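Undergrad: Input file: upload_14.cif. Contents: mmCIF, C-alpha atoms.
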data_structure
loop_
_atom_site.group_PDB
_atom_site.id
_atom_site.type_symbol
_atom_site.label_atom_id
_atom_site.label_comp_id
_atom_site.auth_asym_id
_atom_site.auth_seq_id
_atom_site.Cartn_x
_atom_site.Cartn_y
_atom_site.Cartn_z
ATOM 1 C CA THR A 584 0.000 0.000 0.000
ATOM 2 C CA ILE A 585 3.000 2.330 0.362
ATOM 3 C CA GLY A 586 4.380 1.673 -3.117
ATOM 4 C CA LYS A 587 0.976 2.313 -4.677
ATOM 5 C CA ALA A 588 0.176 5.102 -2.205
ATOM 6 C CA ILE A 589 3.188 7.251 -3.103
ATOM 7 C CA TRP A 590 2.449 6.776 -6.811
ATOM 8 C CA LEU A 591 -1.201 7.708 -6.244
ATOM 9 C CA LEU A 592 -0.220 10.865 -4.354
ATOM 10 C CA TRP A 593 2.333 11.682 -7.057
ATOM 11 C CA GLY A 594 -0.474 11.233 -9.576
ATOM 12 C CA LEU A 595 -2.713 13.605 -7.623
ATOM 13 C CA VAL A 596 -0.018 16.286 -7.288
ATOM 14 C CA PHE A 597 0.806 16.455 -11.017
ATOM 15 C CA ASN A 598 -2.878 16.804 -12.011
ATOM 16 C CA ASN A 599 -4.440 13.325 -12.282
ATOM 17 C CA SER A 600 -1.884 11.999 -14.800
ATOM 18 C CA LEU A 601 -2.708 8.347 -14.057
ATOM 19 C CA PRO A 602 -5.913 7.388 -12.183
ATOM 20 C CA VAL A 603 -4.345 4.056 -11.103
ATOM 21 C CA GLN A 604 -7.139 2.861 -8.798
ATOM 22 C CA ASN A 605 -8.931 3.670 -5.535
ATOM 23 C CA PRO A 606 -9.710 1.678 -2.358
ATOM 24 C CA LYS A 607 -13.081 1.220 -0.646
ATOM 25 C CA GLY A 608 -12.916 3.100 2.663
ATOM 26 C CA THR A 609 -14.577 6.507 2.649
ATOM 27 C CA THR A 610 -11.865 8.046 4.845
ATOM 28 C CA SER A 611 -9.292 7.309 2.141
ATOM 29 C CA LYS A 612 -11.576 8.991 -0.403
ATOM 30 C CA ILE A 613 -11.925 12.082 1.797
ATOM 31 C CA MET A 614 -8.165 12.239 2.379
ATOM 32 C CA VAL A 615 -7.587 11.796 -1.361
ATOM 33 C CA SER A 616 -10.022 14.657 -1.993
ATOM 34 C CA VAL A 617 -8.223 16.941 0.475
ATOM 35 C CA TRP A 618 -4.863 15.978 -1.037
ATOM 36 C CA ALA A 619 -6.262 16.819 -4.481
ATOM 37 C CA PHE A 620 -7.504 20.203 -3.251
ATOM 38 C CA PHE A 621 -4.105 20.997 -1.737
ATOM 39 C CA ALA A 622 -2.564 19.664 -4.956
ATOM 40 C CA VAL A 623 -4.481 22.025 -7.243
ATOM 41 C CA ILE A 624 -3.883 24.863 -4.767
ATOM 42 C CA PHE A 625 -0.151 24.116 -4.851
ATOM 43 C CA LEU A 626 -0.367 24.011 -8.654
ATOM 44 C CA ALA A 627 -2.157 27.371 -8.772
ATOM 45 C CA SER A 628 0.413 28.935 -6.439
ATOM 46 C CA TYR A 629 3.178 27.327 -8.515
ATOM 47 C CA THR A 630 1.916 28.737 -11.822
ATOM 48 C CA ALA A 631 1.135 32.128 -10.273
ATOM 49 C CA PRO B 555 9.288 33.146 -28.673
ATOM 50 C CA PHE B 556 11.145 29.805 -28.790
ATOM 51 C CA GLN B 557 12.741 28.022 -31.731
ATOM 52 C CA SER B 558 11.537 24.660 -33.029
ATOM 53 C CA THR B 559 14.674 23.029 -31.586
ATOM 54 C CA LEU B 560 13.117 23.352 -28.120
ATOM 55 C CA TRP B 561 10.089 21.249 -29.069
ATOM 56 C CA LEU B 562 12.496 18.967 -30.939
ATOM 57 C CA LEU B 563 14.285 18.492 -27.616
ATOM 58 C CA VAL B 564 10.923 17.838 -25.938
ATOM 59 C CA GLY B 565 10.246 15.064 -28.439
ATOM 60 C CA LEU B 566 13.817 13.839 -28.003
ATOM 61 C CA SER B 567 13.038 13.400 -24.305
ATOM 62 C CA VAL B 568 9.935 11.440 -25.340
ATOM 63 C CA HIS B 569 12.216 9.142 -27.338
ATOM 64 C CA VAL B 570 14.669 8.807 -24.436
ATOM 65 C CA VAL B 571 11.900 7.875 -21.996
ATOM 66 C CA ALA B 572 10.266 5.635 -24.617
ATOM 67 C CA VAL B 573 13.437 3.607 -25.154
ATOM 68 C CA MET B 574 14.169 3.779 -21.414
ATOM 69 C CA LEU B 575 10.896 2.035 -20.547
ATOM 70 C CA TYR B 576 11.968 -0.716 -22.955
ATOM 71 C CA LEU B 577 15.469 -0.835 -21.445
ATOM 72 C CA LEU B 578 14.261 -1.088 -17.829
ATOM 73 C CA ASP B 579 12.641 -4.481 -18.530
ATOM 74 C CA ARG B 580 13.658 -7.593 -20.453
ATOM 75 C CA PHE B 581 11.675 -8.500 -23.570
ATOM 76 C CA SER B 582 12.739 -9.756 -27.009
ATOM 77 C CA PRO B 583 14.392 -8.130 -30.054
ATOM 78 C CA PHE B 584 11.608 -7.080 -32.413
ATOM 79 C CA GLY B 585 12.187 -5.697 -35.902
ATOM 80 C CA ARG B 586 10.115 -8.446 -37.553
ATOM 81 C CA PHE B 587 6.515 -7.190 -37.698
ATOM 82 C CA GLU B 588 5.025 -3.676 -37.923
ATOM 83 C CA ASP B 589 3.354 -2.987 -34.557
ATOM 84 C CA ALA B 590 5.061 -3.911 -31.290
ATOM 85 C CA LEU B 591 3.570 -4.315 -27.800
ATOM 86 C CA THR B 592 5.867 -2.890 -25.125
ATOM 87 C CA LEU B 593 6.971 -0.106 -27.483
ATOM 88 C CA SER B 594 3.427 1.009 -28.315
ATOM 89 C CA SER B 595 2.392 0.638 -24.668
ATOM 90 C CA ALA B 596 5.430 2.616 -23.495
ATOM 91 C CA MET B 597 4.639 5.316 -26.060
ATOM 92 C CA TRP B 598 1.037 5.397 -24.822
ATOM 93 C CA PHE B 599 2.415 5.821 -21.298
ATOM 94 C CA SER B 600 4.720 8.664 -22.360
ATOM 95 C CA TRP B 601 1.863 10.418 -24.159
ATOM 96 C CA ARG B 602 -0.394 9.507 -21.221
ATOM 97 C CA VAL B 603 1.720 11.228 -18.559
#
As structure tokens - that is how I would like this structure written.

TA:
Amino acid sequence: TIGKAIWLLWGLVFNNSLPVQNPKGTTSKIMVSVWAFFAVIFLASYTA
Amino acid sequence: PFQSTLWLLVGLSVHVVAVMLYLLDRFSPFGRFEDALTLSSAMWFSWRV
């Protein structure tokens, strides 16, 4: 779960890129959503 | 604002990563048919990312 987790987070930081997959727990989906929000915020602050 | 050699270097990096994905794993020498498998898949991964 670490090897796929770091690649999933790396996929979320660089704008989707690869969807890979997604687990079943809702807490992981919420944390993935927050990480995607902070990812697009970091991308907006990076481009700006 | 930038010359075509910059985009030519961008594509050159696509070739370097494309052949690198084929070098990082063992497969077989293939200049026999027209369409390959790991080469087309690696190119779809390069154009995918």

Undergrad: To one decimal in Å, tell me the separation between atom CA of residue B:594 and atom CA of residue A:602.

TA: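 Atom CA of residue A:602 lies at a distance of 19.7 Å from atom CA of residue B:594.
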
Undergrad: Find the residues around stretch 569-573 of chain B up to 12 Å (all atoms listed in the file counted), leave out those fewer than 5 positions away in its own chain, and share them as a PyMOL selection string.

TA: chain B and resi 562-564+578-579+592-603

Undergrad: Pull out every residue that the PyMOL selection byres ((chain A and resi 611-623) around 10) matches in the shown coordinates and put them as a list in words.

TA: residues 591, 592, 593, 594, 595, 596, 597, 598, 599, 605, 606, 607, 608, 609, 610, 624, 625, 626, 627, 628 and 629 of chain A

Undergrad: Report, in Å with one decimal, the straight-line distance from atom CA of residue B:576 to atom CA of residue A:601.

TA: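 Interatomic distance here is 19.4 Å.
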
Undergrad: To one decimal place, how far is atom CA of residue B:589 from atom CA of residue A:600 in Å?

TA: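 Rounded to one decimal, the two atoms are 25.3 Å apart.
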